[PDB]
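Novice: My questions will all concern the structure given below.
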Amino acid sequence: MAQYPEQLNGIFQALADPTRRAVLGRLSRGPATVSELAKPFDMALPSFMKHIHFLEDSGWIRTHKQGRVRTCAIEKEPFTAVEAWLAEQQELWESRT
Amino acid sequence: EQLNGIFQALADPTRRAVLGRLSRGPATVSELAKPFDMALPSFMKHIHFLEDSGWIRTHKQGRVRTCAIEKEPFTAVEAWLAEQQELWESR
Ligand SMILES: [Br-]
Ligand SMILES: [Br-]
Ligand SMILES: [Br-]
């Protein structure tokens, strides 16, 4: 039984944005604060926060606020989900008779 | 801007299910449209997005448009994933 579609929709939508993919690339190297993550990007912080929030809501990252500081870390589950969906299609392709 | 389109294509469940079917072999739009309770014009727009993003190729002869899944987007998604995995391992 394939994963329910609603779980995958948001996971893939998160990856459709280059800012979000860049943030995930950084968090793959280890955790970071929002202010650190925002530095490469020419957008106002509210616009950047939309990306952070989307990443958290879709399960790609976890964040924690203490005072004015918000720490972020990558989550591995969505990687597993993407891998799983891909592998399923690739099994169908390689098993063609 | 290329992974943007590839992943935006994958964000829709209809588009994912079409790519599932095309993984089994090529198919006409008519064949692909069959499982879904969707107006053809809405369906065509999913097909059009899949083609435009690079996930599929299509070709029309007479009244029949045949669709085939493309290799390159899979390689691209696999590349993004491998790139992330290599970053996690780095010390
Ligand atoms: Br859905
Ligand atoms: Br911060
Ligand atoms: Br057709």
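All residue names refer to the structure tokens as shown: chains lettered A, B, ... in order, residues numbered from 1 in each chain, ligands numbered from 1 in order.
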As a list in words, please: every protein or nucleic acid residue near ligand 2 (cut-off 10 Å, counting only C-alpha atoms and all ligand atoms).

Specialist: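 Going residue by residue within 10 Å of ligand 2, we get residues 32, 33, 34, 35, 36, 37, 38, 64, 65, 66, 67, 68, 69, 70, 71 and 72 of chain A.
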
Novice: Just need the residues of chain B within 8 Å of chain A, counting only C-alpha atoms, so spit them out as number ranges by chain.

Specialist: B: 1, 3-8, 10-13, 19-20, 23-25, 74, 81, 84-85, 87-88, 90

Novice: Tell me which protein, DNA and RNA residues are within 10 Å of stretch 56-70 of chain B, counting only C-alpha atoms, leaving out same-chain ones fewer than 2 positions away, and put them as JSON, numbers by chain.

Specialist: {"A": [93], "B": [18, 19, 20, 21, 22, 23, 24, 25, 26, 27, 28, 29, 30, 31, 32, 47, 48, 49, 50, 51, 52, 53, 54, 72, 73, 74, 75]}

Novice: Which of these, B:71, B:46, B:16, B:91, has the shortest distance to ligand 1 once you count only C-alpha atoms and all ligand atoms?

Specialist: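 Smallest distance to ligand 1 is found for B:16.
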
Novice: Would you give me, as a list in words, the residues in chain B that DSSP reads as strand (DSSP E)?

Specialist: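 Strand (DSSP E) members of chain B, listed: residues 27, 28, 56, 57, 58, 59, 60, 61, 64, 65, 66, 67, 68 and 69 of chain B.
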
Novice: Take the residues that were just selected and, keeping C-alpha atoms, output them as a PDB file, in the first residue's frame.

Specialist:
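And here's part36.pdb as it stands now:
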ATOM      1  CA  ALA B  27       0.164   5.578 -22.677  1.00  0.00           C
ATOM      2  CA  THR B  28      -2.217   7.862 -24.519  1.00  0.00           C
ATOM      3  CA  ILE B  56       7.159  13.467 -19.802  1.00  0.00           C
ATOM      4  CA  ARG B  57       7.363  13.733 -23.573  1.00  0.00           C
ATOM      5  CA  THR B  58       4.283  13.608 -25.758  1.00  0.00           C
ATOM      6  CA  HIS B  59       3.613  13.256 -29.457  1.00  0.00           C
ATOM      7  CA  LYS B  60       0.417  13.663 -31.403  1.00  0.00           C
ATOM      8  CA  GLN B  61      -0.430  11.679 -34.530  1.00  0.00           C
ATOM      9  CA  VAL B  64      -4.040  10.502 -30.382  1.00  0.00           C
ATOM     10  CA  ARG B  65      -1.435  12.036 -28.061  1.00  0.00           C
ATOM     11  CA  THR B  66       0.955   9.402 -26.682  1.00  0.00           C
ATOM     12  CA  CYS B  67       2.916  10.124 -23.514  1.00  0.00           C
ATOM     13  CA  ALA B  68       6.166   8.671 -22.238  1.00  0.00           C
ATOM     14  CA  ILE B  69       7.999   9.230 -18.934  1.00  0.00           C
TER      15      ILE B  69
END

Novice: Please measure the separation of atom CA of residue A:62 and atom CA of residue A:75, giving the value in Å to one decimal.

Specialist: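 Straight-line distance from atom CA of residue A:62 to atom CA of residue A:75 works out to 6.7 Å.
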
Novice: Report the distance between atom CA of residue A:40 and atom CA of residue A:20 in Å, rounded to one decimal place.

Specialist: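 Here the two named atoms are 11.9 Å from each other.
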
Novice: Between atom CA of residue B:43 and atom CA of residue B:14, what is the distance, to one decimal in Å?

Specialist: 8.4 Å

Novice: Quick one: of B:77, B:33, B:82, B:38, who's nearest to ligand 3, counting only C-alpha atoms and all ligand atoms?

Specialist: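 The answer is B:33, which sits nearest to ligand 3.
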
Novice: Out of chain B, which residues get alpha helix (DSSP H) from DSSP, as a CSV table (one decimal) with C-alpha atoms, in the first residue's frame?

Specialist:
chain,number,residue,atom,x,y,z
B,2,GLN,CA,14.8,23.1,-13.2
B,3,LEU,CA,14.5,21.3,-9.9
B,4,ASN,CA,11.8,23.9,-9.1
B,5,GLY,CA,9.6,22.6,-11.9
B,6,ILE,CA,10.4,18.9,-11.3
B,7,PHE,CA,9.4,19.1,-7.6
B,8,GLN,CA,6.4,21.4,-8.3
B,9,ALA,CA,5.2,18.6,-10.7
B,10,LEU,CA,5.5,16.0,-7.9
B,13,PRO,CA,-1.3,13.7,-6.5
B,14,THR,CA,-2.9,13.4,-9.9
B,15,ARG,CA,0.5,14.1,-11.5
B,16,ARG,CA,2.2,11.5,-9.2
B,17,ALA,CA,-0.4,8.8,-10.2
B,18,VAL,CA,0.1,9.6,-13.9
B,19,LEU,CA,3.9,9.2,-13.5
B,20,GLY,CA,3.2,5.9,-11.7
B,21,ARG,CA,1.2,4.6,-14.7
B,22,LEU,CA,3.8,5.9,-17.2
B,23,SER,CA,6.5,4.1,-15.3
B,29,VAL,CA,-3.8,10.8,-22.7
B,30,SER,CA,-7.1,9.0,-23.1
B,31,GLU,CA,-5.7,5.9,-21.3
B,32,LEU,CA,-4.1,8.1,-18.6
B,33,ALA,CA,-7.3,10.1,-18.0
B,40,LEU,CA,-10.6,16.4,-19.5
B,41,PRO,CA,-9.6,20.1,-19.6
B,42,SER,CA,-8.4,20.0,-16.0
B,43,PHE,CA,-6.6,16.7,-16.7
B,44,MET,CA,-4.9,18.1,-19.8
B,45,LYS,CA,-3.5,20.9,-17.7
B,46,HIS,CA,-1.7,18.2,-15.4
B,47,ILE,CA,-0.4,16.5,-18.6
B,48,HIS,CA,0.8,19.9,-20.0
B,49,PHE,CA,2.6,20.7,-16.7
B,50,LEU,CA,4.3,17.3,-16.7
B,51,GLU,CA,5.5,17.9,-20.2
B,52,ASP,CA,6.5,21.5,-19.5
B,53,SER,CA,8.5,20.5,-16.3
B,72,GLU,CA,16.3,12.9,-16.6
B,73,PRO,CA,14.0,14.1,-13.8
B,74,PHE,CA,14.5,10.8,-11.8
B,75,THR,CA,18.3,11.3,-12.2
B,76,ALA,CA,17.8,14.9,-11.1
B,77,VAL,CA,15.8,14.0,-7.9
B,78,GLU,CA,18.3,11.2,-7.2
B,79,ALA,CA,21.1,13.7,-7.6
B,80,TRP,CA,19.6,16.2,-5.1
B,81,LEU,CA,19.1,13.4,-2.6
B,82,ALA,CA,22.6,12.0,-3.1
B,83,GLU,CA,24.0,15.5,-2.7
B,84,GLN,CA,22.2,15.9,0.7
B,85,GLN,CA,23.3,12.5,1.9
B,86,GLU,CA,26.9,13.3,1.1
B,87,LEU,CA,26.6,16.6,3.0
B,88,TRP,CA,25.3,14.7,6.1
B,89,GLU,CA,28.3,12.3,6.0
